[PDB]
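Each reported figure results from applying straightforward, stated rules to the coordinates on display, with no laboratory input. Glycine gets a Cβ as well: all are built from the backbone with ideal geometry, and neighbour counts include every protein chain shown.
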2 protein chains.
Amino acid sequence: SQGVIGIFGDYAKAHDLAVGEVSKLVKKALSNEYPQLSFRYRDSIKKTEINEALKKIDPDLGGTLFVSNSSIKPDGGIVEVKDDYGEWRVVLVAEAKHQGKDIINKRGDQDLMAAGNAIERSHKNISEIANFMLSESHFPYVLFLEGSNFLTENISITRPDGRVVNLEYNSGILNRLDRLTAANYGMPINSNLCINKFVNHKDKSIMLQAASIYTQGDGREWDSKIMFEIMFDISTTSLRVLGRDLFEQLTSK
Amino acid sequence: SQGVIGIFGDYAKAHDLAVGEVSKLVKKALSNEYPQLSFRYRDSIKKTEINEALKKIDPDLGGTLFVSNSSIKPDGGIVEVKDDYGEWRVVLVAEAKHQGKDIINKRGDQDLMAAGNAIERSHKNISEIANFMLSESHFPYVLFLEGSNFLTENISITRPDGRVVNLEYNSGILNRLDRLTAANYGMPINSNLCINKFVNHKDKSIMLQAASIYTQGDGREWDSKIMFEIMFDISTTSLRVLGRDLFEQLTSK
């Protein structure tokens, strides 16, 4: 039985498939595995959709669009299922960042290579999606961090001329992982946080939506074969929650 | 009676007070107006505090800190009141951005001057604060946008040599206001959204926290005198909601 999901994962690695490219394969498999439903991969959400979705939740929400063609374009596309009611539900939104470049094989033409805040931008890309899914009970948002800024553990790298640079993960000048954390409420890095955790403060059960932030904190880059299962775990749990709204399409017999 | 809050607002403008500087004056007034409470202005929140605050809500939340001295530093500081229980509550967190510079009095040494995404960074600065206040019933987060990227209406500017550049607010190449919108759920730009609006989907009342995004969409820069009342409106509503937890400190007689 360890077949199709096997051969796909291999093919991912055997071509060092892009994060965007992986999601397509993921739909390819997502379909092959539950072939009763109709899966679709797309790569942008028109800023409109978010609003349309928001008014649906509340009239007073989502009522501003200044540049019509505005859209959210997550690096690794989006995979959606078609629910019993003919709408499309979100299953996987992947994105991968590469802030680093201090270790792999006065400012110059380009800035000093020490630290940056390029990752803070995920301002737009997450908030927009979580809002587009404000009426869902899951947030299959996956982020793959990769670079000499997102180190979890310490590692020491040898140099051309003997020196074995010892990079302390928690060096202020080199760790940017902490700017992304607010995106999950301080929860466990590298964990499938696909299912919404309902906190409740003072008689109120307010819903948290956390982005599953993953990172190869040893410095080594992402192994595509693995990027497949990861996304596939998120995916499955998305179908796990969308179960009741998929029921009969599954009950074709 | 239109006295102290008058003279302060004037002094703000009469010195073109910085957004950070205004908040201090705002505390100065916030105190002078309700002199029973103890107000304090600070300018950074140690990444720790957020976590401490988060565990308090839920043990499984806020359990990651990679670079100890990490902190959220909002441009315009923070103003807090001291509640009946000796803790400090958030009253005002102001921040102002200036993405623009295409109108006021091939790339060069610096990039082509047309459009940028520098505002998307507010990834960190808001999510961090709203999380630090996940147990409050208000989000006094105020953002002041200013620049030739945040135009609401269209304006045409004359040039050195006669030309009267006609800038269409909704030109794709020049409008960046739409990247900030997800920060308020599509709600009204330039409005005191200090009070949390509890939406409810499928038997659930999930809490929304929106940042009151303000903008001088005519191109003209921010008039400090006004930046005072604005922040003061947010402030007051923060005390409006923190009323029950301030009660007796107000009942000194």
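So here's what we get for this one:
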{"quantity": "HN-Hα J in Hz across the range B:64-81 - Karplus 6.51, -1.76, 1.60, θ = phi - 60°, x for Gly and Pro", "calculated": "8, 8, 9, 10, 2, 6, 4, 8, 9, 10, x, 2, x, x, 9, 10, 10, 9"}
{"quantity": "Neighbourhood net charge (10 Å Cβ-Cβ; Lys/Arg +1, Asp/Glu -1) for A:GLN216", "calculated": "-3"}
{"quantity": "Inter-copy spacing of A:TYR85 label points, which lie 7 Å from Cα along Cα→Cβ, given in nm from shortest upward", "calculated": "3.9"}
{"quantity": "Partners for A:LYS101 among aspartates and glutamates (Cα-Cα distance below 16 Å; same-chain residues under 8 apart left out)", "calculated": "A:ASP109, A:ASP111, A:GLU146, A:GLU168, A:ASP218, A:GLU221"}
{"quantity": "Note, ³J(HN,Hα) from phi for the range B:140-148, Karplus 6.51, -1.76, 1.60, rounded to Hz, x at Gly and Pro", "calculated": "x, 8, 10, 10, 10, 8, 8, x, 7"}
{"quantity": "Calculated log₁₀ intensity ratio I(q)/I(0) where the Debye formula runs over C-alpha points of the protein assembly as shown, q = 0.07, 0.12 Å⁻¹", "calculated": "-0.43, -1.22"}
{"quantity": "The range B:152-215 versus the range A:118-140: alpha-carbon centroid distance in Å", "calculated": "18 Å"}
{"quantity": "Residue-count net charge about A:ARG42 - beta-carbon cut-off 11 Å; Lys, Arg +1, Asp, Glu -1", "calculated": "+2"}
{"quantity": "Stokes-Einstein D (µm²/s) once Rh is taken as the Kirkwood radius of the range A:101-193 over alpha-carbon pairs, at 37 °C in 0.692 mPa s", "calculated": "209 µm²/s"}
{"quantity": "Phi to ³J(HN,Hα) by Karplus 6.51 cos²θ - 1.76 cosθ + 1.60 over the range B:118-134, Hz, x for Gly, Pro", "calculated": "4, 6, 4, 5, 4, 4, 3, 4, 8, 3, 5, 5, 4, 6, 4, 10, 5"}
{"quantity": "The range B:39-125: radius of gyration and largest Cα-Cα distance (Dmax), Å", "calculated": "18.4, 60"}
{"quantity": "Neighbour-count ranking [beta-carbon atoms within 10 angstrom, fewest first] of A:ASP161, A:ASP10, B:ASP111, B:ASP58", "calculated": "A:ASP161, B:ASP111, A:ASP10, B:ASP58"}
{"quantity": "Antiparallel bridges, percent of DSSP beta bridges restricted to chain B (to nearest 5)", "calculated": "65 percent"}
{"quantity": "For B:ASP109, label point 7 Å along C-beta direction: distances to other copies, nm", "calculated": "2.0"}
{"quantity": "Charge sum, other residues only, whose C-beta stays under 9 Å from B:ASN117's C-beta, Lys/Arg counted +1 and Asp/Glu -1", "calculated": "+4"}
{"quantity": "Average other protein chain Cβ within 10 Å of Cβ, residues B:197-206", "calculated": "5"}
{"quantity": "Cut-off under 5 Å, modelled amide H: who pairs with B:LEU167 long-range", "calculated": "B:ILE155, B:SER156, B:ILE157"}
{"quantity": "Kirkwood-Stokes translational diffusion coefficient of the range A:6-153, alpha-carbon pairs, 4 °C, 1.567 mPa s, µm²/s", "calculated": "73 µm²/s"}
{"quantity": "Neighbouring partner chain Cβ atoms per residue of B:128-140, average, 10 Å criterion", "calculated": "2"}
{"quantity": "Candidate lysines for bridging to A:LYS28, where Cα separation is under 30 Å - those fewer than 8 sequence places away on the same chain excluded", "calculated": "A:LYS13, A:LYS46, A:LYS47, A:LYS73, A:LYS82, A:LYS97, A:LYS124, A:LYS197, A:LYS225, A:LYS253"}
{"quantity": "Computed log₁₀ I(q)/I(0) - Debye formula, equal Cα scatterers, no solvent, chain B, q 0.11, 0.17 Å⁻¹", "calculated": "-0.67, -1.36"}
{"quantity": "Proxy reagent accessibility, fewest Cβ within 10 Å first, across A:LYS204, B:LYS124", "calculated": "A:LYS204, B:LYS124"}
{"quantity": "Residue of chain A nearest the A-to-B rotation axis [by Cβ], rounded angstrom distance", "calculated": "A:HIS123, 2"}
{"quantity": "Interchain or long-range residues, amide H under 5 Å from A:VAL67's placed H", "calculated": "none"}
{"quantity": "Chain A: calculated mean residue ellipticity at 222 nm from DSSP helix runs of at least 4, using -39500 (n - 2.57)", "calculated": "-8500 deg cm²/dmol"}
{"quantity": "Peptide B:115-126 - average C-beta neighbours from other chains (10 Å radius)", "calculated": "5"}
